[PDB]
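Written out below as structure tokens is the structure these notes cover.
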Amino acid sequence: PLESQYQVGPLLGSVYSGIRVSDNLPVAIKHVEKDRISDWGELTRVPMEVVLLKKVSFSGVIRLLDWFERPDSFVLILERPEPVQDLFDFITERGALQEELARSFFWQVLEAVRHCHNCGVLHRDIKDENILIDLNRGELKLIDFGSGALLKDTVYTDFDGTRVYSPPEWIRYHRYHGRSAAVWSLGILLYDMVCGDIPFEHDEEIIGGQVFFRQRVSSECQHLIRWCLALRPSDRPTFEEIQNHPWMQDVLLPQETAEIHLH
Amino acid sequence: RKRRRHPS
Ligand SMILES: O=C(O)c1ccc(/C=C\c2ccc(O)cc2)cc1
């Protein structure tokens with residue numbers, strides 16, 4: 001039974017705060033309507049989101065603790081850090097991040113996404129809204145796999161993530177490959193971190209392939225961002241090239257990040 | 001300028 005094991009609290013965004021009755025562990029209780037589920041998978045027919053969350057169940061990705069099936073919905077019990085703030089609100093309140101802090105955050109996102117790919121999972125909705133900051137541990141967590149897919153090497157022709165983080169080949173041709181599309185969205189994310197908002201709002205900007213910097217950003221960081229946002233997918237860096245880039249060296253540990261920037 | 005969330 002679901003109502004017996006968890007104390008349900010208020011909305012967080014349909015996601016409710018909750019506590020596991022057993023050990024008072026804070027959880028997030030996420031409800032997904034069957035009628036709205038695009039892709040299904042199996043383990044027992046379940047939403048693909050559950051499939052992907054199980055395949056990645058490492059503190060860099062959110063942990064699915066349990067799930068239930070109801071007549072018209074599935075209920076997902078997800079880990080809830082406390083205290084937490086998502087990266088979107090964090091950037092809104094603090095503005096453009098110092099590069100040392102953006103380096104630590106971006107590095108942790110890179111490790112999390114590498115974890116997803118190694119487990120056969122393509123997230124397809126990397127953005128600041130889908131990243132939680134554990135404010136005490138300085139650890140970041142990738143959330144909301146509701147737009148994801150199994151990782152494959154062939155072309156994708158469907159997409160349901162965030163359009164302003166989607167790559168130009170999707171805008172123009174309705175096709176993309178998983179890894180190079182992910183690298184594009186990471187370029188958008190990195191620009192977002194060091195400039196305080198995403199660079200593109202309109203399709204014409206996305207396919208136009210021009211990056212104007214609205215804040216002081218080091219030449220090394222600008223180079224990495226522009227590389228990630230190469231118009232031609234084959235021109236984009238691999239994850240290894242990103243993490244070997246000069247800008248990415250000497251990252252802070254998560255705990256150092258918390259003590260210098262979050263406490 | 002208006003920074004905003006973007007639904008998926
Ligand atoms: O996978 C998901 O969809 C998902 C996973 C974990 C959470 C948990 C807490 C939380 C999220 C965003 C906030 O702004 C505040 C709190 C939510 C959603």
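Lettering and numbering for the structure tokens are positional, with chains as A, B, ... in the shown order, residues counted from 1 in each chain, and ligands counted from 1 in the shown order.
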
Please identify every residue of chain A that has at least one atom no more than 10 Å from any atom of chain B, counting only C-alpha atoms, and report them as a list in words.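 In the required form, that comes to residues 88, 89, 92, 125, 127, 128, 129, 146, 147, 159, 160, 161, 162, 163, 164, 165, 196, 197, 198 and 201 of chain A.
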
May I have the residues within 10 Å of ligand 1, computed using only C-alpha atoms and all ligand atoms, as a count of residues only? 48

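Interatomic distance, CA of residue 228 (chain A) to CA of residue 151 (chain A): 19.7 Å.
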
Among region 28-224 of chain A, which ones does DSSP assign to strand (DSSP E or B) (computed from the backbone)? Answer as a PyMOL selection string. chain A and resi 28-33+40-42+45-47+61+64-69+73-79+84-86+121-122+131-134+139-142+149-150+156+176
